[PDB]
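Right, one structure below, let's go through it.
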4 protein chains.
Amino acid sequence: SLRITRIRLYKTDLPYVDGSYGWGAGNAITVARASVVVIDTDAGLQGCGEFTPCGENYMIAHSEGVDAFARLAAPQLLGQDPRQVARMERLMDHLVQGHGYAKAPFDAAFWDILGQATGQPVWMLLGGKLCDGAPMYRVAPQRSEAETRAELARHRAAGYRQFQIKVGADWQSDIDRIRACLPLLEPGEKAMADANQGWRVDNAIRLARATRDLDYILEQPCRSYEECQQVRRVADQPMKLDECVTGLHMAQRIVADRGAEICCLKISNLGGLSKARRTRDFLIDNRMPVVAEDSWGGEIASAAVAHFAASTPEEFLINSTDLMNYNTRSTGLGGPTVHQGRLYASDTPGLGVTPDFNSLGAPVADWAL
Amino acid sequence: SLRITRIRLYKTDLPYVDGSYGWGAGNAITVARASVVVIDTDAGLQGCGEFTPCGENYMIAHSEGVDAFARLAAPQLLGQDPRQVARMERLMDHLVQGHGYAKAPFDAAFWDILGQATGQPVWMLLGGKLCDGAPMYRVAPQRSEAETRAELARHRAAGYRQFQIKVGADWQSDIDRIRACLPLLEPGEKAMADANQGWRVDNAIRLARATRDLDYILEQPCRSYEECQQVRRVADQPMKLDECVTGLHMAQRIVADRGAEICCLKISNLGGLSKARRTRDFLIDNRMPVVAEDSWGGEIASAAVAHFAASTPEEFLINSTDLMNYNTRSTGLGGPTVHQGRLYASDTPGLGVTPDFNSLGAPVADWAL
Amino acid sequence: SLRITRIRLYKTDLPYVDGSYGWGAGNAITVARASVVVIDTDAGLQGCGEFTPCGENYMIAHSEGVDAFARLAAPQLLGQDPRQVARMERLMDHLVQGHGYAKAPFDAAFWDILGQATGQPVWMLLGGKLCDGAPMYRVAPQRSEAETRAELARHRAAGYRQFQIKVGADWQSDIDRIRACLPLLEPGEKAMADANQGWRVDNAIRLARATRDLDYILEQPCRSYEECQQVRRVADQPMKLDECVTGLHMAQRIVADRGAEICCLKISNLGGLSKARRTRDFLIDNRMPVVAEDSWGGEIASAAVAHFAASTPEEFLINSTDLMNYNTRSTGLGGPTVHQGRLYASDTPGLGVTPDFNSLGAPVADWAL
Amino acid sequence: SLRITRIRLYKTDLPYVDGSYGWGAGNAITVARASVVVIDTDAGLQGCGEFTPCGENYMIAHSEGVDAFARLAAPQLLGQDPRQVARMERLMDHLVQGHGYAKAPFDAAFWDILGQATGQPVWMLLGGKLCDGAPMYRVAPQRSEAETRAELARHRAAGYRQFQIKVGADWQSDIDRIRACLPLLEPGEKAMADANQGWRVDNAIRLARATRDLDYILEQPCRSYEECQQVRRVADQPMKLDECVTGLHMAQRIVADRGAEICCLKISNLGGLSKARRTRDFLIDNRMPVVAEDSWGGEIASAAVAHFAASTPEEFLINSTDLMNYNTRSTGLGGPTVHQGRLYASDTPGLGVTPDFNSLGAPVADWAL
Ligand SMILES: [Mg+2]
Ligand SMILES: [Mg+2]
Ligand SMILES: [Mg+2]
Ligand SMILES: [Mg+2]
């Protein structure tokens with residue numbers, strides 16, 4: 001028998017590593033606001049979760065929305081059994097409809113507590129270690145042709161075989177970016193051109209027609225699924241859908257249409273690790289390749305990502321990412337590690353992460369039974 | 001770290017409690033043939049699982065198929081970590097395609113071992129106790145109409161408030177059998193008419209038109225999904241689909257069509273608890289009412305059923321049944337308990353059931369290292 | 001009048017002529033396990049049939065399943081009239097649902113008995129000799145450039161005009177294999193790239209795109225039909241479906257969608273010569289090109305293949321294969337022949353084959369009336 | 001080895017046993033014009049076939065069309081092997097397109113020859129005796145309440161349990177016919193209202209709505225399939241489709257829509273026994289109830305019908321009919337028999353009928369090798 005005796009909410013800043021990070025149609029990242037949920041039990045077990053967006057207009061999700069949900073839910077979540085992850089899921093969904101991003105860090109703490117109570121890592125409770133090290137990608141580059149060929153060779157020797165070309169702000173120069181990058185990677189390598197919902201549908205098509213002879217992954221060219229499918233009418237490139245993959249309902253529709261070659265799964269865009277796990281399991285059973293990820297964050301959100309990716313079948317997992325190494329600051333102590341281009345989950349009980357209390361500060365809100 | 005060190009296959013007879021069990025187009029269960037899989041490990045943890053068909057021609061499943069599969073798979077499973085349920089699932093699926101019924105006892109034994117290794121019941125590893133005592137039904141087999149009135153008094157006495165009327169042997173007398181049964185039930189009580197694929201489409205339509213002024217659940221009127229949809233065109237009765245619900249592919253088709261009011265989920269028909277869980281979770285998310293069951297069997301089969309039912313949201317769980325109480329003989333020691341017409345899962349680690357070695361006899365096959 | 005008086009089951013090892021057979025996503029048939037069914041009658045007419053899998057995970061079928069089926073069904077088949085193939089078909093399908101592969105050798109033995117009782121070869125009862133010598137293909141060859149050009153020349157000289165490029169284990173080098181083999185063929189000639197369910201959907205699309213300028217038959221690129229259709233969205237190459245063609249239900253779907261250019265018909269994957277003939281005749285009437293085959297096997301299986309091929313209209317028959325020539329051991333005495341790259345059925349009554357009792361050994365099971 | 005040496009065409013009058021035969025929207029058949037084909041071989045095996053329309057405007061078929069087909073095709077069939085029924089089918093279809101009704105007597109004669117060459121009845125060559133005595137219907141009656149009771153009592157005692165009401169000339173009084181006939185038959189019995197393509201779609205709907213509380217079979221209410229489907233939008237009655245079922249293509253459409261509860265199969269409307277068998281087997285595999293019959297005719301047409309019925313699975317065979325007993329004159333010697341309201345095929349080799357050369361008179365056309 002277990003009871004939740006306390007809920008606290010922490011908030012901190014996570015500056016970008018380079019200082020400047022561009023995405024989509026001219027968006028700006030410099031500081032990302034983190035929300036850390038800490039849940040305490042009468043047996044002295046404590047779990048932590050995290051939601052951090054990559055921009056406040058990236059998905060149907062913003063940083064102040066975690067506080068507002070917690071204020072309604074946390075008094076109603078006190079005295080309840082936290083290792084019963086699905087029971088907590090249904091209770092949080094009975095308290096407020098939608099708002100999945102805000103429930104996400106609570107759910108990760110519940111999975112963390114389940115892991116500690118069972119003496120097992122989170123990947124074990126998600127089915128086992130189906131992937132020994134998730135493959136990763138490098139977000140490189142932007143620079144000169146001679147510098148690009150050098151930096152790709154530094155990524156190649158480090159073990160990276162997959163590269164993201166960040167596009168979506170100017171379809172015409174994006175054509176030039178794609179055309180110049182692809183002869184610079186060698187035979188076995190993957191390039192994904194992510195527009196981050198950035199192109200208008202006509203301009204997306206012009207780019208597809210101009211790069212029709214080329215082998216790359218066309219990733220989220222437009223905002224809606226319907227615009228993306230309209231681009232797909234012309235585009236033969238393996239299409240990766242990301243921001244529009246908001247849950248099981250959209251996954252069902254992507255499957256019904258065979259509407260993408262890769263589905264990108266962001267844990268908090270799917271509304272928590274419980275819902276993210278169910279969407280991937282559905283997509284895997286329908287033999288759809290997936291990426292296992294979250295929007296942004298430090299060690300705590302990255303620990304959930306690592307366990308999500310390790311529990312994905314190796315045959316169908318395209319990549320994952322090391323979200324904690326995109327920041328100069330931290331949210332938790334521990335989390336996942338990176339070894340030779342691959343992302344590895346912890347094998348210790350729970351999420352393998354505890355809150356970095358000194359980085360976060362005193363809690364901004366607090367509910368004790 | 002854990003390894004499978006021994007696999008034993010057991011076979012035993014399970015005689016029916018009321019002599020004959022009339023189901024379908026003229027079939028009968030007097031003695032059902034149980035198949036029990038016992039898995040040993042190097043840490044001394046033992047898991048067990050059971051498949052028992054309710055008739056050898058009922059679904060795409062028969063008792064001798066378990067032996068056949070076990071001969072092919074069991075040497076390949078020795079030395080493997082049975083706690084990693086999804087890894088075993090994919091291993092078994094890599095070794096043979098389909099034949100899910102035969103993989104089902106092995107899958108139940110893994111969830112048993114993982115349960116013991118975590119110190120938790122199977123319902124906790126399936127999400128939590130989302131239902132505290134599954135509302136039960138009792139099947140009233142194909143007998144005379146004067147002696148099913150007394151059987152519905154006998155089953156109501158045992159605390160059941162839901163009754164499955166076995167029909168499907170003759171549409172004409174089945175109309176009479178339905179019309180006589182319905183005014184013999186009190187407020188709050190439900191009836192389902194299960195034809196067990198027995199009716200021809202034209203006859204099923206005739207039955208549906210003749211009983212249009214009545215409230216009962218029309219269950220699997222014909223063999224195929226398509227046939228049942230042809231009936232549904234005319235039949236306004238809530239339709240339960242059962243035998244044709246073979247997996248997630250069918251679940252997807254049923255949801256796309258909104259093709260039933262109830263989907264029955266038999267563990268062995270879905271290919272084990274791992275796959276059953278996922279079809280359950282998919283249907284609940286699409287707000288399809290479910291029944292959590294298996295085909296037939298003793299305490300071991302019933303243990304997996306009870307944990308499956310307990311982790312199903314009570315809002316969407318129509319019923320389950322106590323399979324172990326249909327037989328005069330046992331497969332297991334322990335298992336689930338029933339109290340006032342509700343089925344309760346065990347709260348002890350693992351499945352909460354061990355093999356009844358004295359009832360089972362010497363194993364028919366034994367693989368060790 | 002005729003009655004089955006004895007059913008015997010034989011099992012034997014069929015080793016591959018060239019050691020190992022590399023198919024699909026990295027699989028190997030070093031030794032195949034043959035299942036031979038032998039049926040005796042009260043007029044002393046004997047029938048025989050064979051199911052042998054090309055890998056135990058190739059389709060929904062394994063070698064131990066025949067044994068399992070026979071144990072349940074054979075006591076019920078004694079005393080029954082084997083000439084009446086549809087009655088026997090019916091009976092089997094009443095005893096078990098699905099498991100068509102296991103029913104397949106029984107069905108072939110019945111067609112064998114009907115042929116002997118009517119004094120006609122099996123092709124005659126299948127409709128007549130609609131093809132005089134079925135075209136064949138060679139697997140060809142994974143070698144040098146000169147050694148390939150020379151080995152294709154000797155197969156060409158021997159009468160072969162069609163070649164199978166075995167692919168499916170590595171999309172990237174599979175591109176190279178297709179690109180290197182096509183300029184080595186001359187122009188009346190046909191290449192089929194069989195991935196054997198090997199590719200992930202995205203990689204199959206990459207391959208199809210990189211070889212869009214090339215004329216070849218793209219064969220079963222992915223596991224499921226839906227995945228193959230997703231590849232077909234992009235690939236203009238004639239598509240051959242094979243392992244997903246499991247029955248009439250699927251053929252209807254394929255025809256409705258116009259979803260392939262060639263349908264590959266494996267006798268045992270269709271559930272026997274009775275269901276294979278009906279699926280064949282359905283596709284032919286809808287003007288779909290067909291291949292007439294089976295999974296694997298000796299002379300007994302090949303005899304069923306040859307008569308199946310001989311009764312396929314020449315205009316729509318793509319090829320067949322000499323399965324008996326892939327092994328170093330025999331299941332049968334007699335069987336079909338190969339002349340100038342073409343497969344010829346026997347013209348003597350029945351299947352044209354008797355069991356090689358010296359090779360088969362002691363029967364593993366024997367039921368007598 | 002066998003060769004067609006001689007083809008003869010005969011023509012004869014078959015007067016209706018009860019004067020005039022009222023069907024559809026104002027049609028009457030008093031004398032039907034039979035076309036009998038007689039095929040001789042070099043081994044002295046003779047085969048016969050028959051097509052007789054029930055009215056020249058009944059289906060896409062008339063009596064004079066057999067002559068026309070024969071004059072074009074018969075010189076091209078001399079020297080051919082008649083036992084190879086699919087080779088003959090495909091030769092005919094190569095010589096002319098469509099006109100299957102005219103090919104139908106030739107097809108029957110080839111099945112006759114094959115049965116003689118193999119020493120087996122045609123039902124054996126169509127799979128076996130899957131129905132022992134096909135159930136029959138009586139087209140009765142059409143008169144007063146006192147006279148209908150006496151007529152249904154003699155039919156009941158004679159074994160009949162199924163009754164056709166000939167309607168379709170006046171929807172308004174067809175409502176009254178249905179309404180007055182249905183309560184004059186007991187629990188087990190059945191009744192089909194055959195409008196024989198006769199109602200206009202709005203009138204068919206008015207009839208459907210007026211009788212929406214009644215248990216009968218709505219048979220071919222309108223001419224086209226689409227008109228029938230429009231009626232079916234409103235009509236919950238089991239729908240029987242007949243004249244519009246012209247072949248496999250239409251049977252595929254019917255299956256896809258699940259657009260009927262019974263399909264009526266007329267051998268000559270399907271283009272002969274070969275296509276008729278393939279269409280039936282397809283519908284039975286899709287679990288559609290069928291009627292096995294033909295348009296009209298004497299002992300030769302009825303022999304083919306009885307063999308067609310006998311090889312239809314009894315679970316799915318609704319009824320058949322004794323065509324020879326509707327006429328006062330003969331086309332053949334032998335044919336099927338009737339006992340206790342069931343139609344029985346012959347067990348002797350071939351069709352079980354020879355041409356009644358004395359009734360047929362001089363051959364109208366004669367082709368010799
Ligand atoms: Mg992205
Ligand atoms: Mg049921
Ligand atoms: Mg193939
Ligand atoms: Mg009719």
Side-chain angles (χ1 to χ4, degrees), chain B residues 9 11 24-27 33 35 51 53-76 90-103 196-198 223-227 243-244 246-250 252-253 256 269 271 295 364-365, chain C residues 9 11 24-27 33 35 51 53-76 90-103 196-198 223-227 243-244 246-250 252-253 256 269 271 295 364-365:
Chain B
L9 178 75
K11 308 216 82 78
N27 313 287
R33 235 299 201 252
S35 297
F51 167 64
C54 44
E56 303 277 355
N57 60 336
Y58 187 87
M59 43 184 51
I60 305 171
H62 68 117
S63 55
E64 284 293 325
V66 186
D67 306 44
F69 171 75
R71 286 181 214 117
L72 234 89
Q76 290 291 120
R90 295 194 79 81
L91 183 55
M92 291 189 301
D93 289 3
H94 174 245
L95 298 164
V96 334
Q97 296 189 48
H99 307 88
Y101 66 95
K103 292 164 179 176
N196 282 306
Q197 314 154 90
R223 214 230 267 288
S224 58
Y225 179 71
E226 286 83 3
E227 270 170 294
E243 286 101 319
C244 66
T246 53
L248 188 56
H249 184 268
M250 193 72 255
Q252 287 172 224
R253 281 206 65 196
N269 200 28
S295 43
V364 298
Chain C
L9 169 65
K11 292 200 92 70
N27 293 286
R33 232 290 194 267
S35 299
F51 166 62
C54 43
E56 309 279 11
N57 59 315
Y58 188 91
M59 44 197 32
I60 309 174
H62 54 76
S63 56
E64 285 302 305
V66 180
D67 215 333
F69 174 67
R71 286 185 209 283
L72 204 64
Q76 227 100 234
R90 93 151 185 24
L91 173 57
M92 304 220 231
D93 294 350
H94 180 253
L95 296 166
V96 325
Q97 289 193 46
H99 301 70
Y101 65 97
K103 293 168 182 165
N196 287 124
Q197 309 177 125
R223 190 196 222 90
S224 63
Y225 177 68
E226 288 89 350
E227 278 170 283
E243 295 105 282
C244 72
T246 55
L248 190 70
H249 186 269
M250 196 60 221
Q252 287 165 230
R253 202 168 161 199
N269 196 20
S295 49
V364 312

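These numbers come from the heavy atoms of this one structure, side chains and all, not from hydrogens, waters or symmetry mates. Numbered from 1 within each chain, the chains take letters A, B, ... in sequence-line order.
The aromatic rings of B:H62 and C:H99 sit perpendicular, their planes meeting at an angle over 60°, well past the 30° parallel limit.
C:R33 is linked by a salt bridge (charged side-chain N to carboxylate O under 4.0 Å, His left out) to C:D13, counting only residues two or more places apart in sequence or in another chain.
The contact between B:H249 and chain C is made entirely by side chain atoms (from C-beta outward), counting heavy-atom distances below 4.5 Å. Contact annotation for B:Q197: only side-chain heavy atoms (C-beta onward) come within less than 4.5 Å of a heavy atom of chain C. Neither the backbone nor the side chain of B:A25 has a heavy atom closer than 4.5 Å to any heavy atom of chain C. Interface remark: C:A102 contributes no atoms to any contact with chain B (heavy atom separation under 4.5 Å).
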Evaluation steps, side chain to side chain contact (heavy atoms under 4.5 Å, CB included), between B:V96 and C:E56 | CA-CA 6 Å; B:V96 334; C:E56 309 279 11; 5.6 Å; no
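Taking CD of C:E64 as the reference point, atom CZ of B:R71 lies at 5.0 Å (rounded to 0.5 Å).
When all heavy atoms of C:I60 and B:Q97 are compared, the pair lying nearest together is CG2-O, 3.5 Å. Looking at every heavy atom in both residues, B:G65 comes nearest to C:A68 through N-CB, 4.0 Å.
Chosen from C:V66, C:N57, C:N27, the residue pairing most often with chain B at heavy-atom distances under 4.5 Å is C:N57.
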